[PDB]
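Peer 1: Take a look at the following structure, please.
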2 protein chains.
Amino acid sequence: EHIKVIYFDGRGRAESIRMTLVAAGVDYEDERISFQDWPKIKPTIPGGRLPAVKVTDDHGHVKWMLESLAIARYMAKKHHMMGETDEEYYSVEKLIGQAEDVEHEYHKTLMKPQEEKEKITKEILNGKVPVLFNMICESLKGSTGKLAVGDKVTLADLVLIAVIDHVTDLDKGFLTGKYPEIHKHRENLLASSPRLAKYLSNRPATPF
Amino acid sequence: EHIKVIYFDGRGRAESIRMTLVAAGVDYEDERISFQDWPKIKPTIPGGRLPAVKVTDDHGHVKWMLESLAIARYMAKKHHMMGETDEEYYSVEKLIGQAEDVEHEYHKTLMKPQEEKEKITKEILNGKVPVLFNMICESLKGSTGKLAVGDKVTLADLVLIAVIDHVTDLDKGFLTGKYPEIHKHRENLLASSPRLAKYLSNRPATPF
Ligand SMILES: N[C@H](CCC(=O)N[C@@H](CS)C(=O)NCC(=O)O)C(=O)O
Ligand SMILES: N[C@H](CCC(=O)N[C@@H](CS)C(=O)NCC(=O)O)C(=O)O
């Protein structure tokens, strides 16, 4: 396959797909569309929303895939990153759901005036986000190994770090001197996946 | 197992779990907590949020499961309702993600004054919801069989009908004389699963 991941110039909903490919050691083309260009390109993407993944073989030819975490789960399943037992699969999905709930809170701050955004940010960071972080902590403590689920990288690990990055977008100091399990998880992940370590260190800085 | 599904007296986030058990032919206890009682019960549920599923064997004894769609996916996997091939698994997850996006829009109307709720409802039903329904329609048309993914019931079918029910909560007339693929899907599902047909006909009416 030639794999092309098409998204805006940000982490956003595409980051789980990028990280999955990176962790699995799969080469892909990272196609990033400027907001100025999007209205021109939107008519050409099946469904008209991003991310979309265009997969080209050489036999038939083009296949389009939509729906970010459907794509990520499929790729993760192909590469043995959705758990090794049914119980691990549940644990992966549980942490994904918890992480997605944090993402839902973060999403409230997007496209808001630089005044209301500050109000929403304070509300979610002093309200639901700490509650979800406590659940995430409990989920991590429940692991049988050094990563989110056992000792092998799963999609849960990647979803988790992507959402934590959105939290630190809102408040760079949110985890400073706090949440040792979250820090340890990231350290353990980076030690476990040099491909991901390299990718994260070379990743362009984006606002979302 | 004795399985107890614990939720508020509504469909909400528990409905995917209930429907999965029903479709799979698994008996469970449906424990519904009144809002008046919740502050009293909240301290006793691991994580303090619903739904939670309490599973009792007779050997060890109690296991708690959290995170609605993690629970639903695990139960669906155990009962061969997550697709028969990797490509079907992707299709299941794709329709789940699309359906969940409709649910996200619906969620905006909850706990709002009976004036702003009417304003949000109009906005989402004339905006993003029709766009998502078109995607859902395309996903259904893509099926190799009579249901959402092939000819066998999957978790995608159940998530889909649960979210459509939330749409018709907002506007009872939203699908009247429209969206023939959505109607056909429901008819096909009910013909395919007499257990679900019976369950839906006997289900108590709830506001969410
Ligand atoms: N369920 C989603 C939603 C994708 C989505 O909401 N895409 C947005 C950007 S993250 C978009 O393409 N909006 C621009 C537009 O619709 O014109 C997914 O995760 O793939
Ligand atoms: N990711 C969720 C969230 C569960 C959730 O938001 N629960 C709400 C009701 S749907 C709740 O228990 N709120 C009452 C409270 O937190 O005190 C799941 O699907 O299980």
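Please note that chains go A, B, ... in the order of the structure tokens, that every chain numbers its residues from 1, and that ligands are numbered from 1 in the order shown.
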With the cut-off set at 7 Å and counting only C-alpha atoms, tabulate each residue of chain A with an atom at most that distance from an atom of chain B, showing the nearest atom pair and its distance in Å to one decimal, ordered by chain and increasing number, as CSV.

Peer 2:
residue,atom,partner,partner_atom,distance
A:47,CA,B:135,CA,6.4
A:67,CA,B:94,CA,5.6
A:70,CA,B:93,CA,4.8
A:71,CA,B:90,CA,6.9
A:74,CA,B:90,CA,5.5
A:86,CA,B:74,CA,6.9
A:90,CA,B:74,CA,5.5
A:93,CA,B:70,CA,4.8
A:94,CA,B:70,CA,5.0
A:97,CA,B:67,CA,6.4
A:135,CA,B:47,CA,6.4

Peer 1: Under the rule of at most 12 Å, produce a per-residue listing of chain A near ligand 1: chain, number, name, the closest pair of atoms, and the distance in Å, as a Markdown table, using only C-alpha atoms and all ligand atoms.

Peer 2:
| residue | atom | partner | partner_atom_place_in_ligand_line | distance |
| --- | --- | --- | --- | --- |
| A:5 | CA | ligand 1 | 20 (O) | 11.6 |
| A:6 | CA | ligand 1 | 12 (O) | 9.9 |
| A:7 | CA | ligand 1 | 12 (O) | 7.7 |
| A:8 | CA | ligand 1 | 9 (C) | 7.5 |
| A:9 | CA | ligand 1 | 9 (C) | 10.6 |
| A:10 | CA | ligand 1 | 10 (S) | 9.4 |
| A:11 | CA | ligand 1 | 10 (S) | 9.4 |
| A:12 | CA | ligand 1 | 10 (S) | 6.2 |
| A:13 | CA | ligand 1 | 19 (O) | 5.3 |
| A:14 | CA | ligand 1 | 19 (O) | 7.6 |
| A:15 | CA | ligand 1 | 19 (O) | 10.2 |
| A:16 | CA | ligand 1 | 19 (O) | 9.6 |
| A:17 | CA | ligand 1 | 19 (O) | 10.1 |
| A:33 | CA | ligand 1 | 12 (O) | 10.6 |
| A:34 | CA | ligand 1 | 14 (C) | 11.4 |
| A:35 | CA | ligand 1 | 14 (C) | 9.1 |
| A:36 | CA | ligand 1 | 17 (O) | 11.7 |
| A:37 | CA | ligand 1 | 17 (O) | 11.2 |
| A:38 | CA | ligand 1 | 17 (O) | 7.5 |
| A:39 | CA | ligand 1 | 17 (O) | 7.3 |
| A:40 | CA | ligand 1 | 17 (O) | 10.5 |
| A:41 | CA | ligand 1 | 17 (O) | 9.7 |
| A:42 | CA | ligand 1 | 17 (O) | 6.6 |
| A:43 | CA | ligand 1 | 17 (O) | 9.6 |
| A:44 | CA | ligand 1 | 17 (O) | 11.7 |
| A:45 | CA | ligand 1 | 12 (O) | 9.5 |
| A:46 | CA | ligand 1 | 12 (O) | 10.8 |
| A:47 | CA | ligand 1 | 16 (O) | 8.8 |
| A:48 | CA | ligand 1 | 16 (O) | 6.1 |
| A:49 | CA | ligand 1 | 12 (O) | 3.3 |
| A:50 | CA | ligand 1 | 12 (O) | 3.7 |
| A:51 | CA | ligand 1 | 20 (O) | 5.4 |
| A:52 | CA | ligand 1 | 20 (O) | 7.4 |
| A:53 | CA | ligand 1 | 20 (O) | 10.2 |
| A:65 | CA | ligand 1 | 20 (O) | 9.7 |
| A:66 | CA | ligand 1 | 20 (O) | 6.3 |
| A:67 | CA | ligand 1 | 20 (O) | 3.6 |
| A:68 | CA | ligand 1 | 20 (O) | 3.8 |
| A:69 | CA | ligand 1 | 19 (O) | 6.0 |
| A:70 | CA | ligand 1 | 20 (O) | 8.0 |
| A:71 | CA | ligand 1 | 20 (O) | 8.5 |
| A:72 | CA | ligand 1 | 19 (O) | 9.8 |
| A:73 | CA | ligand 1 | 19 (O) | 11.7 |
| A:100 | CA | ligand 1 | 19 (O) | 10.6 |
| A:103 | CA | ligand 1 | 19 (O) | 11.2 |
| A:104 | CA | ligand 1 | 19 (O) | 11.6 |
| A:107 | CA | ligand 1 | 10 (S) | 9.9 |
| A:110 | CA | ligand 1 | 10 (S) | 10.8 |
| A:111 | CA | ligand 1 | 9 (C) | 11.9 |
| A:208 | CA | ligand 1 | 10 (S) | 10.0 |

Peer 1: Which parts of segment 14-156 of chain B does DSSP call alpha helix (DSSP H) when run on the backbone here, written out as a PyMOL selection string?

Peer 2: chain B and resi 15-24+38-41+68-78+86-107+116-126+128-141+155-156

Peer 1: Report, in Å with one decimal, the straight-line distance from atom CA of residue 139 of chain B to atom CA of residue 180 of chain B.

Peer 2: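 For atom CA of residue 139 of chain B relative to atom CA of residue 180 of chain B, the distance reads 13.6 Å.
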
Peer 1: Tell me which protein, DNA and RNA residues are within 8 Å of segment 191-193 of chain B, counting only C-alpha atoms, leaving out same-chain ones fewer than 2 positions away, and put them as a list in words.

Peer 2: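 Contacts, with the query itself left out: residues 23, 152, 153, 187, 188, 189, 195, 196 and 197 of chain B.
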
Peer 1: Quick one: pick out all strand (DSSP E) residues within segment 35-158 of chain A from a backbone DSSP run and write them as a VMD selection string.

Peer 2: chain A and resid 52 to 56 62 to 66

Peer 1: List the neighbours of residue 190 of chain B out to 12 Å using only C-alpha atoms; skip same-chain residues closer than 4 positions along the sequence, and give me the result as a list in words.

Peer 2: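 The filter keeps residues 23, 146, 147, 152, 153, 157, 158, 161, 183, 184, 185, 186, 194, 195, 196, 197, 198, 199, 200 and 201 of chain B.
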
Peer 1: Which residues are close to residue 99 of chain B, i.e. within 8 Å by only C-alpha atoms, leaving aside same-chain residues fewer than 6 positions away? Reply as number ranges by chain.

Peer 2: B: 132, 136, 159-160, 163

Peer 1: Give the answer as one residue: which of A:101, A:116, A:181, A:1 has the shortest atom-to-atom distance to ligand 2, using only C-alpha atoms and all ligand atoms?

Peer 2: A:101

Peer 1: Rank nothing, just name the residue among A:102, A:123, A:174, A:113 nearest to ligand 2, using only C-alpha atoms and all ligand atoms.

Peer 2: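 Between A:102, A:123, A:174, A:113, the residue approaching ligand 2 most closely is A:102.
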
Peer 1: Separation of atom CA of residue 129 of chain B and atom CA of residue 112 of chain B, in Å?

Peer 2: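 Interatomic distance, atom CA of residue 129 of chain B to atom CA of residue 112 of chain B: 18.8 Å.
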
Peer 1: Find the distance between atom CA of residue 154 of chain B and atom CA of residue 26 of chain B and write it in Å to one decimal.

Peer 2: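 Taking atom CA of residue 154 of chain B as the start and atom CA of residue 26 of chain B as the end point, the length is 15.1 Å.
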
Peer 1: Give the answer as one residue: which of A:25, A:127, A:60, A:150 has the shortest atom-to-atom distance to ligand 2, using only C-alpha atoms and all ligand atoms?

Peer 2: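 Among A:25, A:127, A:60, A:150, it is A:127 that comes nearest to ligand 2.
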
Peer 1: My list of candidates is B:142, B:106, B:137, B:182. Which is closest to residue 118 of chain B when distances are computed with only C-alpha atoms?

Peer 2: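 Checking each candidate against residue 118 of chain B, we get B:106 as the closest.
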
Peer 1: Tell me, as a list in words, which residues lie within 12 Å of residue 59 of chain A, counting only C-alpha atoms; anything in the same chain fewer than 3 positions away does not count.

Peer 2: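 Contacts, with the query itself left out: residues 1, 2, 55, 56, 62 and 63 of chain A.
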